[PDB]
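To begin, one chain is listed below as structure tokens, in the form deposited in one PDB entry.
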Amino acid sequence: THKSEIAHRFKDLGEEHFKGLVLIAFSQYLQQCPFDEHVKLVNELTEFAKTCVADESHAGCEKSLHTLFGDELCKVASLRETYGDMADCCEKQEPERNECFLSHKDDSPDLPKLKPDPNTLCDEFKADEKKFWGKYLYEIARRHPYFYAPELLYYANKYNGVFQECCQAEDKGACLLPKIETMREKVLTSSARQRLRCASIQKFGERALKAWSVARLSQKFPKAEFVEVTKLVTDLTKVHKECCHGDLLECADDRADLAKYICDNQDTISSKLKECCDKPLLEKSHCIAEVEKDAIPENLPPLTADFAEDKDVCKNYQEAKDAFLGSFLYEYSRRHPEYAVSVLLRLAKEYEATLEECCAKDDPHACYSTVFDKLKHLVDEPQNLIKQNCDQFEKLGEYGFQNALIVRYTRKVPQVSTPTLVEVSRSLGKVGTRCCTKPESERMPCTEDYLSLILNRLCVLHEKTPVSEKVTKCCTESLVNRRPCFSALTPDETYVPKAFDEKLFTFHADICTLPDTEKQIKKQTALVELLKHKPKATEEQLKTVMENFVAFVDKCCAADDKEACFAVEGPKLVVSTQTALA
């Protein structure tokens, strides 16, 4: 329909944005190459796009976006030498070649943890604002190779606006570190949301993403009609599909478009959008993404009416399954803005399973008329876990809770690799902080949605190199029952203990020197390995091993010759610990 896709997107996005997405795209496809390779790729591509803008007939201007990006990545001399089997993608035709690159996205790339000097940072910034802006896109995007790319350009500006307001202060440090931290959460979170949106389509079909889009949209805009929501849903699903499939130019473009549409139709969508719609382009879509719920309209009928009472349920459903089910989702979501999206989807799935068996039965209506009680039962099911988990969080504090979750997970999925068990248990206990201080009514929803983000990370880390059958099962059985499914696991008897490996339990003076985070991780790693070796260790003993350990580090980090003390106290500690675990 357009002579030249690259021309079209360049015009549409404008140079600056066009360059920032190309970079992000290269940086996600190729997470090792240094910055500088990438800025070369970015400009080559952009020069060429400029030629196509001026003359659309010009050779190459007709190629697809994959073919052009892909053409550019094959010309990397580093490929075979840096990326291994990656350079074999270059031997294929499109679209297999593109598929092949995308399958080498690495969810755990192992990159220097970003230690920033407020000084060096305000330097680099005053020297080159635009290169700074790019550098940040690169570093985030290479570490989060599914990160929502237009939402990333948004963060890059906010980053830049943080230094524009803070480098001209006197105590720059004190202005920066708060704002950086606050932003840097928001970015990890955004990444994990985005990774779960891609994990939907990839493992469960565009229909799962589409359904997410209904739940989210209906909650946010419950005034809007099904017909309208249905429109926004088609557009929102395409943005995310394109986005997850690495088509960032299309992603950005259709997203800007959808914001423009939403604004031009506030009267049929929401009363909360005034403030959003007066913002510039990137900020507009974010504000929208964050806008407040609209008020549930007034005389809505019972849901029982359309979905349980009505004798024609099986008729409407057989006629168009996903559409009818989208309607259930709109109707349920628009009335329960408090609920977790995971929950709404969990309800929709169950209502599906229900019609699925009931419409094949002799009087469907007797079977399905009773379904809402079953749904009431599901929403109430998880409430006691919360309580247990919050009390435990309050008693132990965040860090102790991370430890309890380390033990807990290591017993249920001890075949999981240790890096993954530590990362995930650390995130799981950050849920305590996120959700436990909230008013009770709010807790279950909060938790349900965070645990989905986090359990997805486990599934995604594990599916890379799969080792535990239970995890594979929970990860592939569903998205929306993962939390129940993980919560229903228990330690197992099949597991042979890991042979003692002393190397994993030695400590050196370095331990005193590490940044705090890295110090926690090193101990939580030991803790995991301990449970893999001693999977029956009881909680009182582990309390002993844990006090004894803190006494040990404390003694040794206080000593005149710390090495000597570690050398000596070290083996003492292995010995008691080996002794205490019978």
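Throughout, we count residues from 1 along the sequence that is shown. We call the rigid core the largest set of C-alpha positions that still match within 1.5 Å between the two forms.
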query: Going by the B-factors listed in the PDB entry, is the mean over the C-alpha atoms higher for 402-410 or for 296-304?
result: 296-304
task: Between 221-229 and 111-119, point out the one with the higher average CA B-factor as the PDB entry records it.
output: 111-119
message: Can you tell me which of 474, 344, 86, 424 has the maximum CA B-factor listed in the PDB entry?
response: 86
- request: In terms of CA temperature factor as recorded, identify the highest of 199, 214, 367, 239.
  value: 367
CA B-factor placement of residue 35, once the chain's modelled residues are sorted into thirds: highest
- request: Would you mind checking where the Cα B-factor of residue 540 ranks among the modelled residues of its chain, as the lowest, middle or highest third?
  value: highest
message: For the chain shown, is the CA B-factor of residue 497 in the lowest, middle or highest third of its modelled residues?
response: middle
- request: Check where residue 62 lands among this chain's C-alpha B-factors and tell me if it's the lowest, middle or highest third.
  value: lowest
- request: Comparing against every modelled residue in the chain, figure out the third that the C-alpha B-factor of residue 13 lands in (lowest, middle or highest).
  value: middle
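What follows is about the form deposited in another entry, which we do not show.
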- prompt: Of 444, 424, 86, 281, which one's CA moves 2 Å or more between this form and the one not shown, core aligned?
  reply: 444
